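Scope of the values below: all heavy atoms of this structure, side chains included, with no hydrogens, waters or symmetry mates. Every chain is numbered from 1 and lettered A, B, ... according to where its sequence line falls, protein lines coming before strand lines.
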Amino acid sequence: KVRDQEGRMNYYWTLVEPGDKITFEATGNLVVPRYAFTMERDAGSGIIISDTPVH
Amino acid sequence: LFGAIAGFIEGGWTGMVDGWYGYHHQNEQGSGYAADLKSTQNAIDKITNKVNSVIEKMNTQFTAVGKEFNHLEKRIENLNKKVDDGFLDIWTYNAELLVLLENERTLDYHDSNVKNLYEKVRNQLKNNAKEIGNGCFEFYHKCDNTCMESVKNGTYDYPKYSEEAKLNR
């Protein structure tokens, strides 16, 4: 038991290409999407983990 | 190492502020300092070029060195650490050695410039003057401000003052 819960929830992600479709089929145990993210990428950057103020 | 700066010239001149290498003349019209502007400008250009070469040859590119790995990806994290440490070692060794070597190059470059000025003046005066040893030249012939302006310029008329210098030599 962690955070008062004895069950678990695995979180999965995927990227759907332009013109492609995603299909969900389920008889239970599914946490359906509500909000997806239309996203456009670049070369790539990092994640700065700091307490420094942002100006 | 040529032996002028801290050599047969044992000290710099604080009074001479209009250049890097220069002359100090003592005539019956007075004493004065006068920098050699051409040599100073040449030195400025070459040291500027050296600074530009050291600074403006890096060719940096956009990157993000930080990477995140989970508990089961320790080997790849170790590989990333190894890459980072190798780059750090290479760059620190190269930077230190480069600075140490170019400091030598610059100091000997200045020392060569001073010597070259001294030899140019000496070859230009020949035996009309006496070499004291401190880096100075005592004239055997009395010559005025125009004469030393000519010596600085490089247009010393040796035949003009030769007969005058022969009697006092």
Side-chain angles (χ1 to χ4, degrees), chain B residues 1-60 90-169:
Chain B
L1 190 277
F2 304 90
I5 301 178
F8 62 90
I9 309 176
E10 333 210 317
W13 291 333
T14 294
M16 169 206 122
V17 307
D18 53 353
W20 272 345
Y21 332 111
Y23 318 81
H24 173 277
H25 71 79
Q26 170 93 261
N27 317 352
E28 59 66 26
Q29 318 192 6
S31 310
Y33 290 106
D36 190 276
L37 310 150
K38 270 191 60 53
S39 283
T40 312
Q41 184 57 38
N42 280 29
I44 285 157
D45 289 333
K46 286 174 156 67
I47 279 112
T48 298
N49 220 287
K50 181 195 299 243
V51 174
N52 289 339
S53 301
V54 176
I55 287 182
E56 296 167 18
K57 283 270 184 292
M58 260 283 141
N59 187 231
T60 64
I90 288 159
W91 278 118
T92 188
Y93 198 69
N94 289 16
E96 254 64 18
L97 265 297
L98 171 69
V99 170
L100 290 167
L101 298 182
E102 309 234 317
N103 288 332
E104 303 255 358
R105 305 309 311 276
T106 296
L107 298 177
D108 309 30
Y109 169 64
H110 284 295
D111 199 21
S112 101
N113 267 323
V114 174
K115 171 122 252 12
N116 287 338
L117 216 80
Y118 175 82
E119 293 177 350
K120 176 182 325 322
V121 177
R122 151 185 101 61
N123 278 130
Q124 195 195 121
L125 298 175
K126 282 166 254 299
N127 56 352
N128 280 359
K130 181 203 328 191
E131 271 152 83
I132 270 59
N134 191 30
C136 289
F137 288 101
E138 172 164 23
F139 284 92
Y140 283 129
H141 68 107
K142 167 174 334 304
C143 82
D144 55 323
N145 284 350
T146 62
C147 155
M148 320 223 182
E149 196 264 326
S150 82
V151 172
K152 292 184 232 302
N153 214 46
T155 62
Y156 185 60
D157 257 313
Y158 178 90
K160 159 134 68 141
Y161 305 105
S162 36
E163 42 262 26
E164 179 164 352
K166 211 214 226 293
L167 310 210
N168 321 324
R169 190 197 326 162

**Asked** Which side chain to side chain donor-acceptor pair (under 3.5 Å) pairs, counting each pair once, include a residue from residues 12-22 of chain B, with sequence neighbours left out?
**Response** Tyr21(B)-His110(B), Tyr21(B)-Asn113(B)
**Item:** Distance, nearest 0.5 Å, that separates CG of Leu1(B) from OG of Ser112(B)
**Value:** 11.0 Å
**Item:** Sidechain-backbone polar pair: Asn153(B) side chain, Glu149(B) backbone, donor-acceptor under 3.5 Å
**Value:** no
**Test side chain to side chain contact (heavy atoms under 4.5 Å, CB included) applied to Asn59(B) - qualifying residues, sequence neighbours left out** = none
**Asked** At what distance, to the nearest 0.5 angstrom, does CG of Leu101(B) lie from CD of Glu96(B)?
**Response** 11.5 Å
**Prompt:** Tell me the disulfide bond (SG atoms under 2.5 Å apart) pairs involving residues 97-130 of chain B, sequence neighbours left out?
**Reply:** none
**Prompt:** Taking atom CG of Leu125(B) and atom CD of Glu138(B), what is their separation to the nearest 0.5 Å?
**Reply:** 12.5 Å
**Request:** Could you walk me through whether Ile132(B) and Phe137(B) pass side chain to side chain contact (heavy atoms under 4.5 Å, CB included), step by step?
**Result:** CA-CA 6 Å; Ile132(B) 270 59; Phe137(B) 288 101; over 6 Å; no
**Message:** Going by salt bridge (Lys or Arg N to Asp or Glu O under 4.0 Å), name the pairs with one or both residues in residues 112-131 of chain B, residues two or more places apart or in two chains.
**Reply:** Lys115(B)-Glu119(B)
**Item:** Between OG on residue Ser162(B) and OH on residue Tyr140(B), distance to nearest 0.5 Å
**Value:** 15.0 Å
**Prompt:** Are side-chain heavy atoms of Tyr158(B) and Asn128(B) found at a separation under 4.5 Å?
**Reply:** yes
**Asked** Quick check: are there more than 12 heavy atoms from other residues, nucleotides or ligands sitting under 6.0 Å from CD of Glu163(B)?
**Response** yes
**Asked** Heavy atoms, side chains only, cut-off 4.5 Å: are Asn49(B) and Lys46(B) in contact?
**Response** no
In residues 32-39 of chain B, what donor-acceptor pairs under 3.5 Å come from side-chain atoms, sequence neighbours left out?
| unit_1 | atom_1 | unit_2 | atom_2 | d |
| --- | --- | --- | --- | --- |
| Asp36(B) | OD1 | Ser39(B) | N | 3.1 |
| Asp36(B) | OD1 | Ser39(B) | OG | 3.3 |
| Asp36(B) | OD2 | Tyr23(B) | OH | 2.7 |

**Message:** I'd like to know if the side chain of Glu10(B) reaches the main chain of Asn134(B), judged simply by a donor and an acceptor atom lying under 3.5 Å from each other, with no hydrogens or angles considered.
**Reply:** no
**Prompt:** Is the closest side-chain heavy-atom distance between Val114(B) and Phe2(B) below 4.5 Å?
**Reply:** no
Distance-only check: which donor-acceptor pairs under 3.5 Å involve side-chain atoms of residues 141-148 of chain B, not counting sequence neighbours?
| unit_1 | atom_1 | unit_2 | atom_2 | d |
| --- | --- | --- | --- | --- |
| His141(B) | NE2 | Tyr156(B) | OH | 2.5 |
| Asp144(B) | OD1 | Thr146(B) | OG1 | 3.1 |
| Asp144(B) | OD2 | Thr146(B) | OG1 | 2.9 |
| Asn145(B) | OD1 | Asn27(B) | ND2 | 2.8 |
| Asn145(B) | ND2 | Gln29(B) | OE1 | 2.9 |

**Asked** Hey, are the side chains of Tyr161(B) and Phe139(B) touching, using non-hydrogen atoms and a 4.5 Å cut-off?
**Response** no
